[PDB]
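*Asks:* Quick one: the structure is below, questions incoming.
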Amino acid sequence: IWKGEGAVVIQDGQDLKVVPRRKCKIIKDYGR
Amino acid sequence: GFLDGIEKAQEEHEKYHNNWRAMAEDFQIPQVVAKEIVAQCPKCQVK
Amino acid sequence: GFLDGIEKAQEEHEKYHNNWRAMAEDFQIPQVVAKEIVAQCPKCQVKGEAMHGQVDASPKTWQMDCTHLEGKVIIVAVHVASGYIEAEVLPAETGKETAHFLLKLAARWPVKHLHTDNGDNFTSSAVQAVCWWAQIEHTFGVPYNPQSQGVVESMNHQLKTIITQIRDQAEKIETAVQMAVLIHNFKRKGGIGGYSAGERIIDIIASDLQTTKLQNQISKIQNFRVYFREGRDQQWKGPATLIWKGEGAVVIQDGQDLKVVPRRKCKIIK
Amino acid sequence: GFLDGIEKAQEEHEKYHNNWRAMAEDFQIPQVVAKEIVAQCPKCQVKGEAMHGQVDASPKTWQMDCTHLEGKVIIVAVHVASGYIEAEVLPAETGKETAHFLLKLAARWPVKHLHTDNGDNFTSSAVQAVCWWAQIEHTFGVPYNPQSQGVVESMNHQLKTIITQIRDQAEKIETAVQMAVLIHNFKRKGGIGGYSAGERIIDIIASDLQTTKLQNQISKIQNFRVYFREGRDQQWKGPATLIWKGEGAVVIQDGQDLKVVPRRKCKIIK
Amino acid sequence: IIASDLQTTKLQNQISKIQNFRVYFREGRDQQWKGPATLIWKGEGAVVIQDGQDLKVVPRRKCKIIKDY
Amino acid sequence: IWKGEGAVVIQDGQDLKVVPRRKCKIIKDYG
Amino acid sequence: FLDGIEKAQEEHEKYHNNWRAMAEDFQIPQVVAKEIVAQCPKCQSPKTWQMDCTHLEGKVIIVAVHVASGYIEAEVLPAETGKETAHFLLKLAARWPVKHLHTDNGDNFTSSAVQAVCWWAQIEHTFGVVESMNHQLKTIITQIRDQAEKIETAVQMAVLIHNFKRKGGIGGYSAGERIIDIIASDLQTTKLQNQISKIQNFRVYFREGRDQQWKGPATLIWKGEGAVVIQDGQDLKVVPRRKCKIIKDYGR
DNA sequence: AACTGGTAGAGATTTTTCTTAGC
DNA sequence: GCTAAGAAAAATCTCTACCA
DNA sequence: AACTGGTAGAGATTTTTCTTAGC
DNA sequence: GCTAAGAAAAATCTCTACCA
Ligand SMILES: C[C@@H]1CCO[C@H]2Cn3cc(C(=O)NCc4ccc(F)cc4F)c(=O)c(O)c3C(=O)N12
Ligand SMILES: C[C@@H]1CCO[C@H]2Cn3cc(C(=O)NCc4ccc(F)cc4F)c(=O)c(O)c3C(=O)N12
Ligand SMILES: [Cl-]
Ligand SMILES: [Cl-]
Ligand SMILES: [Mg+2]
Ligand SMILES: [Mg+2]
Ligand SMILES: [Mg+2]
Ligand SMILES: [Mg+2]
Ligand SMILES: [Zn+2]
Ligand SMILES: [Zn+2]
Ligand SMILES: [Zn+2]
Ligand SMILES: [Zn+2]
């Protein structure tokens with residue numbers, strides 16, 4: 001949802017959560 | 001141009017279900033539109 | 001996806017003739033596809049490429065043009081490497097007076113290359129016969145492109161400003177033209193070496209003659225053949241003449257071509 | 001010495017009109033004397049100073065001009081800070097149609113300053129009466145200097161290229177003019193913010209209104225008077241309003257003038 | 001028979017992707033933009049174009065060269 | 001360094017290079 | 001360096017060389033060798049032209065010859081009045097540096113128009129090679145006459161053949177190489193003279209070795225990076241820069 | 001397939017030179 | 001006696017109009 | 001004493017992003 | 001699992017014609 005400098009906001013299971021960037025891997029998604 | 005290449009690549013993936021690097025090298029279209037042609041098919045997965 | 005966006009963008013450019021940023025923002029297609037949609041249109045594509053060239057500046061190149069002043073016809077010739085002006089007043093703009101002016105100029109100074117525009121007097125049989133008899137290479141510019149002969153039109157501007165400066169000291173216009181030629185050639189300094197135009201043309205031609213005689217006397221008694229190794233493939237080429245051996249690279253002459261080879265890929269044989 | 005050189009250089013410039021480097025090299029006088037000899041001559045001094053100005057770009061300034069295309073008369077008005085074009089086809093070039101076009105434009109958009117050239121239709125009693133009734137400040141350019149209204153002549157060039165692009169889709173020339181206005185205003189992007197002209201004029205006017213209302217609400221409840229010490233002499237001036245206190249400098253308002261004072265030369269009194 | 005056809009098609013593809021250009025130029029007294037042509041020689045300053053079996057020399061400041069992707 | 005027929009070898013800032021003949025002016029520059 | 005100056009002074013004392021040869025041989029700069037020549041008591045034109053008129057097949061030709069090289073400029077006049085001779089002199093003075101003109105005591109050369117042209121162009125006119133040049137030009141004109149229709153084309157073709165195609169003399173050069181070399185040598189001399197006066201507007205106080213007194217004001221000749229050449233008492237000497245003080249001298 | 005913009009002057013800014021006060 | 005501040009004078013860099 | 005050149009596109013060059021081989 | 005090479009794609013900088 002939002003990619004910050006040190007924080008990352010994700011949506012999962014109708015829930016929003018904030019994970020720091022050193023525990024996350026961002027990939028592209030071709031899921032049309 | 002390669003707009004007719006995009007049309008022929010859509011027909012070719014509709015028949016034979018190629019991958020994206022093969023269509024990008026054969027029809028001389030860029031890699032983004034070839035990956036999108038693979039992505040909009042429900043049976044194939046880009047890898 | 002954006003394939004329907006590509007089809008709608010093609011119909012949108014067919015009606016409205018957008019640029020690529022409008023299509024890439026409104027239809028969310030990548031910029032390479034939008035640039036291709038614009039680049040495959042014939043009603044677009046109206047723009048140059050924004051660069052300038054560089055004219056010939058050999059030590060024996062002259063440029064010629066004609067101009068009008070107070071109902072007269074002036075003909076101007078300029079030596080390009082120095083800025084040296086010869087000018088005359090013609091009674092008419094035919095080809096016979098142009099051939100006569102070219103013959104006088106070729107009888108005074110060494111001319112080997114002449115550059116002109118495509119006027120009716122420069123493209124004539126009389127000028128062609130004079131160029132054949134005096135062995136001059138005549139070249140023409142691209143039609144309706146006055147930037148090819150930039151030096152002679154710039155000297156037209158300078159000559160007209162000088163003529164307006166010293167106009168009240170003469171009765172006729174031919175006297176004022178010759179006084180303007182003298183004032184330009186010998187009474188204005190500044191440029192490459194702080195010279196005037198007469199000192200610069202003397203320096204250029206004398207230096208050319210002296211350096212040809214010096215390198216003839218040097219190269220007639222040479223030695224030290226050099227075999228070098230160059231190219232994409234590690235091959236070996238024929239005998240070349242060593243010219244100058246310096247700290248870092250060597251200068252060789254092969255097939256009347258000058259090359260600079262590093263010191264690691266060459267071998268000297270006496 | 002060189003005093004006889006100075007006298008001979010004055011007579012030489014009186015006859016030949018040298019530049020200063022020729023006299024400073026031939027007569028061995030210093031360069032300040034040669035520059036003075038050239039600078040005290042009236043037949044010389046023909047050159048500008050090689051700089052450009054910058055036109056007004058207030059958020060309510062408009063510029064207007066007329067042009068010709070296929071035997072018709074187009075009148076173009078441009079909003080300067082955004083690039084927004086209104087254009088019409090006039091049956092004649094009199095002052096009544098220009099006053100009517102100006103009245104329609106002033107009835108649509110907020111106009112407070114108008115800039116034009118010195119044509120026969122813009123300098124008229126009808127345009128003066130419309131400007132008086134609608135409270136518009138009308139200014140004119142320096143005569144025979146088209147660079148003062150640079151934006152409207154540039155938009156004349158862009159409008160003519162668009163009209164040549166979409167010419168075969170219309171029957172008359174008025175339809176082609178209005179289609180070119182639509183294509184320019186809404187189908188071309190790129191510029192300051194990546195906007196088109198319509199999005200940019202909306203953004204500019206809305207931002208101006210919002211920032212006036214915000215700073216009115218801020219400045220109606222302010223406090224913290226500030227006495228500062230500035231000038232060439234260490235004097236003291238009257239009460240000024242503190243606006244913003246930052247690390248390094250403070251911003252004060254005194255006599256409806258904004259100033260930036262360093263933090264050492266000011267004192268805050270509640 | 002098939003392998004030599006593969007080598008011939010690869011070499012023809014390279015030769016076809018060398019010099020497939022189009023040129024939109026501007027020439028004449030009334031300097032209007034004209035249709036496509038074929039580029040022959042490209043020097044620094046001017047280009048030589050083939051158009052309607054006519055050879056023309058246009059400066060690079062008055063022409064636009066479209067390549068292929 | 002050397003003046004050929006269609007090329008000129010010059011040394012500039014201890015760097016040797018080859019320029020065409022139509023892009024050079026060779027003088028002695030008394031001054 | 002100092003050995004080079006001593007060898008150059010002894011060589012000039014024996015053989016009286018010129019300054020270009022000494023500067024090339026003994027590897028001293030040009031201003032020092034020019035001062036060595038300028039101090040010798042036993043050692044103390046490129047802009048002179050001659051004009052004449054002639055007749056050929058009913059036409060009036062006018063010939064101007066640069067004397068020191070043999071360089072010919074010719075023209076065909078419509079008449080023999082003073083205004084056409086003044087126009088030819090103005091064109092000649094506008095193309096080449098003319099400083100001293102030599103003519104005969106004809107009618108058209110003694111005229112108010114020619115005197116006004118000489119006044120405006122600053123030429124010294126003197127009334128008395130050209131007959132030999134007229135003879136040689138008429139031989140070339142009768143040699144290539146069948147290749148032209150009019151007489152002006154034949155005159156200009158003979159001028160071209162004489163200037164650039166006939167070689168002779170000591171080195172085997174034509175007339176154009178001779179006139180260009182002569183004028184270039186004169187230009188080099190004038191530039192060196194300007195540098196000489198601009199350097200010699202100074203003065204030097206120098207301190208000898210094993211002494212704390214400053215010596216007399218010697219005239220500066222060459223100011224190097226680490227050496228200074230001065231003239232004092234008709235003697236040239238080289239002092240290093242850390243024992244010298246250079247001041248201006250207003251001693252006109 | 002082998003062609004092409006340039007010249008000179010006005011100010012602004014950086015570097016060199018020349019005189020003099022101070023320790 | 002030596003050195004640094006300060007001002008004058010010379011050198012260099014950027015930008016414009018006009019040439020049919 | 002209160003006036004003034006600008007807009008958009010074509011290439012060249014530098015920066016960011018995306019896929020894959022190798023340890 | 002992690003990292004660096006390499007290539008595609010997007011962003012920025014410099015320069016030109018035309019506006020009576
Ligand atoms: C009939 C001949 C042959 C066919 O072309 C015409 C018209 N022409 C026009 C200009 C001209 O427009 N000069 C101004 C100018 C403008 C821009 C620039 F970059 C350089 C410039 F000199 C000339 O100088 C010129 O000589 C001619 C000419 O001779 N002719
Ligand atoms: C009779 C009115 C009032 C008196 O002046 C004339 C002539 N004029 C001439 C141009 C013109 O030359 N435009 C080309 C152009 C050239 C250079 C530049 F920097 C900008 C440019 F637009 C105009 O645009 C224009 O409007 C007028 C005009 O209106 N008039
Ligand atoms: Cl032309
Ligand atoms: Cl005006
Ligand atoms: Mg012409
Ligand atoms: Mg011309
Ligand atoms: Mg107008
Ligand atoms: Mg206008
Ligand atoms: Zn599929
Ligand atoms: Zn289009
Ligand atoms: Zn003057
Ligand atoms: Zn002697």
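Lettering and numbering for the structure tokens are positional, with chains as A, B, ... in the shown order, residues counted from 1 in each chain, and ligands counted from 1 in the shown order.
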Report as an MDAnalysis selection string all protein, DNA and RNA residues lying within 9 Å of residue K:11, evaluated on only C-alpha atoms (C1' of nucleotides), omitting residues in the same chain fewer than 6 positions from it.
*Replies:* chainID J and resid 14:16
*Asks:* Convert the current residue selection to file output with N, CA, C and O atoms (P, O5', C5', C4', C3', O3' and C1' of nucleotides), as a CSV table (one decimal), in the first residue's frame.
*Replies:*
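Wrote selection18.csv, looks like this:
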chain,number,residue,atom,x,y,z
J,14,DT,P,27.6,11.4,-18.8
J,14,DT,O5',26.7,11.1,-17.5
J,14,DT,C5',26.1,12.2,-16.9
J,14,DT,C4',24.8,11.7,-16.1
J,14,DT,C3',25.1,10.7,-15.1
J,14,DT,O3',24.4,11.1,-13.9
J,14,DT,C1',23.3,10.0,-16.5
J,15,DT,P,24.7,10.4,-12.5
J,15,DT,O5',23.4,9.6,-12.1
J,15,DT,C5',22.2,10.3,-12.0
J,15,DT,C4',21.0,9.4,-12.1
J,15,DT,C3',20.9,8.3,-11.0
J,15,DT,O3',19.8,8.4,-10.3
J,15,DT,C1',20.4,7.5,-13.2
J,16,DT,P,19.6,7.6,-8.9
J,16,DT,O5',18.5,6.5,-9.3
J,16,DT,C5',17.2,6.9,-9.8
J,16,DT,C4',16.5,5.8,-10.4
J,16,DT,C3',16.3,4.6,-9.6
J,16,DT,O3',14.9,4.2,-9.6
J,16,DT,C1',17.1,4.0,-11.7
*Asks:* So that I can check the secondary structure, give me every residue of stretch 43-228 of chain G assigned helix (DSSP H, G or I) by backbone DSSP, as a PyMOL selection string.
*Replies:* chain G and resi 43+82-95+112-121+130-143+145-147+151-164+175-199
*Asks:* Give me, as a ChimeraX atom specification, the contact residues of chain F against chain G at a cut-off of 12 Å, counting only C-alpha atoms.
*Replies:* /F:27-31
*Asks:* Enumerate as number ranges by chain the residues within 10 Å of ligand 10, counting only C-alpha atoms (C1' of nucleotides) and all ligand atoms.
*Replies:* C: 10, 12-20, 37-45; D: 165-166
*Asks:* Just write the chosen residues, C-alpha atoms, as an mmCIF file, in the first residue's frame.
*Replies:*
data_model
loop_
_atom_site.group_PDB
_atom_site.id
_atom_site.type_symbol
_atom_site.label_atom_id
_atom_site.label_comp_id
_atom_site.auth_asym_id
_atom_site.auth_seq_id
_atom_site.Cartn_x
_atom_site.Cartn_y
_atom_site.Cartn_z
ATOM 1 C CA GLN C 10 -4.153 4.590 -31.287
ATOM 2 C CA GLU C 12 -7.183 8.816 -29.804
ATOM 3 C CA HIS C 13 -4.038 9.839 -31.695
ATOM 4 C CA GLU C 14 -5.860 9.185 -34.979
ATOM 5 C CA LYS C 15 -8.438 11.812 -34.014
ATOM 6 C CA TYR C 16 -6.676 14.367 -31.784
ATOM 7 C CA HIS C 17 -2.897 13.997 -32.496
ATOM 8 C CA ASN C 18 -1.645 13.889 -28.911
ATOM 9 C CA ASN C 19 1.970 13.889 -27.835
ATOM 10 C CA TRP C 20 3.411 10.920 -25.982
ATOM 11 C CA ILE C 37 2.530 5.582 -31.535
ATOM 12 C CA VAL C 38 3.737 9.151 -32.096
ATOM 13 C CA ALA C 39 6.685 8.046 -34.255
ATOM 14 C CA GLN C 40 4.513 6.093 -36.720
ATOM 15 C CA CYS C 41 2.458 9.141 -37.790
ATOM 16 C CA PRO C 42 3.059 11.204 -40.962
ATOM 17 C CA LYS C 43 1.059 14.328 -40.009
ATOM 18 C CA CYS C 44 3.527 14.740 -37.131
ATOM 19 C CA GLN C 45 7.351 14.676 -37.556
ATOM 20 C CA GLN D 165 -2.068 19.187 -38.603
ATOM 21 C CA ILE D 166 -5.871 18.955 -38.404
#
*Asks:* If we count only C-alpha atoms (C1' of nucleotides), which residues of chain H reach to within 12 Å of chain G? Please list them as a PyMOL selection string.
*Replies:* chain H and resi 17-19
*Asks:* Take the residues just selected and output them with N, CA and C atoms (P, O5', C5', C4', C3', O3' and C1' of nucleotides) as a JSON list (two decimals), in the first residue's frame.
*Replies:*
[["chain", "number", "residue", "atom", "x", "y", "z"],
["H", 17, "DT", "P", 52.53, 39.72, -13.57],
["H", 17, "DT", "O5'", 52.49, 41.27, -13.18],
["H", 17, "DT", "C5'", 51.98, 42.21, -14.12],
["H", 17, "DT", "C4'", 51.72, 43.55, -13.46],
["H", 17, "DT", "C3'", 52.90, 44.16, -12.70],
["H", 17, "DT", "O3'", 53.01, 45.52, -13.04],
["H", 17, "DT", "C1'", 51.00, 44.15, -11.34],
["H", 18, "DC", "P", 54.43, 46.26, -13.01],
["H", 18, "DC", "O5'", 54.20, 47.47, -11.99],
["H", 18, "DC", "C5'", 53.09, 48.34, -12.17],
["H", 18, "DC", "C4'", 52.75, 49.06, -10.88],
["H", 18, "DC", "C3'", 53.95, 49.53, -10.05],
["H", 18, "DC", "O3'", 53.75, 50.88, -9.67],
["H", 18, "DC", "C1'", 52.42, 48.34, -8.70],
["H", 19, "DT", "P", 55.00, 51.81, -9.25],
["H", 19, "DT", "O5'", 54.54, 52.42, -7.85],
["H", 19, "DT", "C5'", 53.31, 53.12, -7.77],
["H", 19, "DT", "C4'", 52.73, 53.05, -6.36],
["H", 19, "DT", "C3'", 53.65, 53.56, -5.26],
["H", 19, "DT", "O3'", 53.02, 54.63, -4.57],
["H", 19, "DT", "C1'", 52.66, 51.48, -4.67]]
*Asks:* Rounded to one decimal, what separation in Å do you get between atom CA of residue C:136 and atom CA of residue C:112?
*Replies:*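 The value is 4.9 Å.
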*Asks:* Show which residues sit within 6 Å of stretch 61-74 of chain C, as a count of residues only. Count only C-alpha atoms (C1' of nucleotides), and ignore same-chain residues fewer than 6 positions away.
*Replies:* 8
*Asks:* Select the residues contacting ligand 2 at a distance of at most 10 Å, based on only C-alpha atoms (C1' of nucleotides) and all ligand atoms, then format the selection as an MDAnalysis selection string.
*Replies:* (chainID D and resid 64:67 116:122 141:157) or (chainID J and resid 5:6) or (chainID K and resid 18:20)
*Asks:* Could you tell me which residues of chain E sit within 12 Å of chain K when counting only C-alpha atoms (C1' of nucleotides), and give me the result as a ChimeraX atom specification?
*Replies:* /E:31,60-62
*Asks:* Once you count only C-alpha atoms (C1' of nucleotides), which residues of chain B turn out to be within 12 Å of chain J? Could you give them as a PyMOL selection string?
*Replies:* chain B and resi 21+31-32+47
*Asks:* Once you have the residues from the selection above, write them out as a CSV table (one decimal), in the first residue's frame, restricted to C-alpha atoms.
*Replies:*
chain,number,residue,atom,x,y,z
B,21,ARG,CA,11.3,-13.9,-24.2
B,31,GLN,CA,9.8,-6.9,-23.0
B,32,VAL,CA,7.1,-5.0,-21.1
B,47,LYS,CA,8.7,-17.2,-15.1
*Asks:* Give the residues of chain B that lie within 7 Å of chain C; count only C-alpha atoms, and format the answer as a list in words.
*Replies:*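 Result: residues 1, 36 and 40 of chain B.
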*Asks:* Would you export the selected residues with C-alpha atoms as a PDB file, in the first residue's frame, please?
*Replies:*
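Output saved as out-v4.pdb:
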ATOM      1  CA  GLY B   1       6.509  -0.088 -36.029  1.00  0.00           C
ATOM      2  CA  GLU B  36       1.838  -8.246 -20.284  1.00  0.00           C
ATOM      3  CA  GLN B  40      -3.256 -11.518 -19.242  1.00  0.00           C
TER       4      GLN B  40
END
*Asks:* Please provide the set of residues having any atom within 7 Å of stretch 5-7 of chain A, restricted to only C-alpha atoms (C1' of nucleotides), with same-chain residues fewer than 2 positions apart removed, written as JSON, numbers by chain.
*Replies:* {"A": [3, 9, 18, 19, 20, 21]}
*Asks:* How would the residues just picked look written out with N, CA and C atoms as a compact mmCIF listing (two decimals), in the first residue's frame?
*Replies:*
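So selection-v4.txt came out as:
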# COMPACT_ATOMS: atom_id res chain seq x y z
N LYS A 3 5.09 2.42 0.49
CA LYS A 3 6.49 2.04 0.65
C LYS A 3 7.27 3.26 1.13
N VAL A 9 3.68 -0.52 4.64
CA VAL A 9 2.30 -0.81 5.01
C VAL A 9 1.76 -1.83 4.02
N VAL A 18 2.05 -2.69 9.65
CA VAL A 18 3.27 -1.95 9.35
C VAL A 18 4.46 -2.83 9.71
N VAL A 19 5.25 -3.18 8.70
CA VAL A 19 6.45 -4.00 8.88
C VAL A 19 7.65 -3.16 8.50
N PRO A 20 8.77 -3.23 9.23
CA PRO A 20 9.98 -2.51 8.80
C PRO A 20 10.57 -3.12 7.54
N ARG A 21 11.41 -2.32 6.88
CA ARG A 21 11.89 -2.67 5.54
C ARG A 21 12.95 -3.76 5.55
*Asks:* Using the chain letters and numbers from this document, which residues of chain F does DSSP assign to strand (DSSP E or B), as a list in words?
*Replies:*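 Of chain F, only residues 2, 3, 7, 8, 9, 10, 11, 16, 17, 18, 19 and 20 of chain F fall in strand (DSSP E or B).
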